[PDB]
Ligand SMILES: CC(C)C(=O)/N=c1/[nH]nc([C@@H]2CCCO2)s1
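First, one chain by itself in structure tokens, the form deposited without the ligand.
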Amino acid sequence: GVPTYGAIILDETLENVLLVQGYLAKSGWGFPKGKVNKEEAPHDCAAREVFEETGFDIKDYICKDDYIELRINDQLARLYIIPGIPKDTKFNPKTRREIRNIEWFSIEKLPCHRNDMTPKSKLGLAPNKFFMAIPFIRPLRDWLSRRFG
């Protein structure tokens, strides 16, 4: 799989994160990110995808060492961590054929796993609208604990 790059944008209080909602196969909420172009550097791809999906330019704010990276079914996803972005910032996606909505969410209220169906004696997991975000939540909380306490 081709690697994806994007960002975790936090507000000034460090309580809230910015998620985007896609369409169809991507119909739920996730961090902004997308596939790298041939010859494109990781930091440039992250700024390009976040700008297409949110209208906000991160280029002057990226720190090269500050990111969370996960491998999900053999595709690598790297999200640069971007704190301190005010909640009154005006976000407007570029690619509105791909992005339904853009909203701030409370980090303490977001799930860090889906729920099972053991009350129904049935295997698998119940649907969750945060499915794309969920794998990053626990690693984010651990990262913020260490850097900020």
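The first residue of the shown sequence is 1; numbering continues from there.
Omitted here: the form deposited with the ligand bound. The next part is about that form.
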property: Open or blocked: site for the ligand, pose in the entry with it bound superimposed, 2.4 Å backbone/C-beta cut-off, 3-atom minimum; result: open
property: Partner proximity in the entry with it bound: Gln21 to the ligand, non-hydrogen atom cutoff 4.5 Å; result: yes
property: Partner proximity in the entry with it bound: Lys129 to the ligand, non-hydrogen atom cutoff 4.5 Å; result: yes
property: Interface residues of 18-53 toward the ligand, as seen in the entry with it bound [heavy atoms, 4.5 Å]; result: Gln21, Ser27, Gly28
